[PDB]
């Protein structure tokens, strides 16, 4: 009697998926040294390694790409992108960059100095790389609830105001800025509340500090505020977006997420000092100030995607697919970081491969098993990703050990989601049989997960 949900868009172009045998996968995963980053695209059946830059654009984004201005200085495509951003966020100063880590690279080489601490909620791992690489400290202040995977709360990505107050009371003198990541990617794609953004703003104001939003998934965050925060049920995504950024002094964004483009990023800010200070590094690292390592056609696609993905229906379609996957997982009893976030499901490996020693890397082992089972490639957000202690050279076994299933936007159907959950069900139903994980054979000094070799 009630019409069931369906996507607010329809398909205009397709591309093939390749299928494979378990015998083929056995040898392919061996030739990759059991590191899925080393698997070839052609060897993956359903690729969930990340939602970054893997999504399908719309017909209006492709039309925008046919109008790209490729001129080196002052392209119409850049002012197009610029005005869209200012319109949507209120920030008047825009620096284009080619991706998110380039925006961090450009901005942090002005703002981050040796010895600084940069507090916030959970820093994404390229973001942490650009802070620690400058001999600064990325200080996690996420609420403790984030590490209770089965605890259900509406805004598990929030910053604990007590934790932030403490760092600033003790080190305000070497705190150059506060960074809030929305949604909170590494805590499992969990949203941050408008209340919490005001909390952060009020504390930053007491200590006269600027606030930076890592904004890769700000649109997913605005959807969660609309759906869960009382007082926002009737506001538009565009309304909630502007309210959010009124509480920030600047943003950095990998547009490869909530722009739904295959490439692109930017810095945007209200502070002339930041704009002027970062300009030099964009010219040296990315390109001239009006393209920043982005094609004209790519900034056009981004301008259109930012406007398109700040509309409710499009966000709703994306996030209900993620929730549908969760629903299937729940149906099979497979534990994950609750409640389902915006962009991915984070399967709690500690509670799936229970017969595998933490020292033998369970989440990485689960990654391998799922790929062997059905050719589905996920990504480990656990012990290997967390790196070794720089002085003790010891592994860090006390954090979450998760298998991330990141969903490229508007690429896979809910039938593919059924295959994912079923393949995961099969692995889960043989847990009392999975007793030895993996062992690092060769290992890099930093961000080893990209390049680590392994056995078994």
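Residue numbers count along the first chain shown, from 1.
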* Structure fact -> Ranked by mean Cα B-factor in the entry, 164 to 172 and 312 to 320, top stretch is 164 to 172
* To do: Compare the mean C-alpha B-factor of 93 to 101 with that of 357 to 365 as given in the PDB entry, and name the stretch with the higher value.
  => 357 to 365
* Asked: Among 262, 234, 252, 76, which residue carries the highest C-alpha B-factor recorded in the PDB entry?
  -> 234
* Between 294, 376, 385, 267, which carries the biggest CA temperature factor in the record? -> 385
* Taking the C-alpha B-factors as the PDB entry records them, is residue 370 in the lowest, middle or highest third of its chain? -> highest
* **Chain-relative CA temperature factor third for residue 123** => highest
* Split the chain's modelled residues into thirds by Cα B-factor; is residue 446 in the lowest, middle or highest one? -> highest
* Would the CA B-factor of residue 113 place it in the lowest, middle or highest third of its chain? -> highest
* Structure fact -> Assert third(CA B-factor, residue 258) within chain per record equals lowest
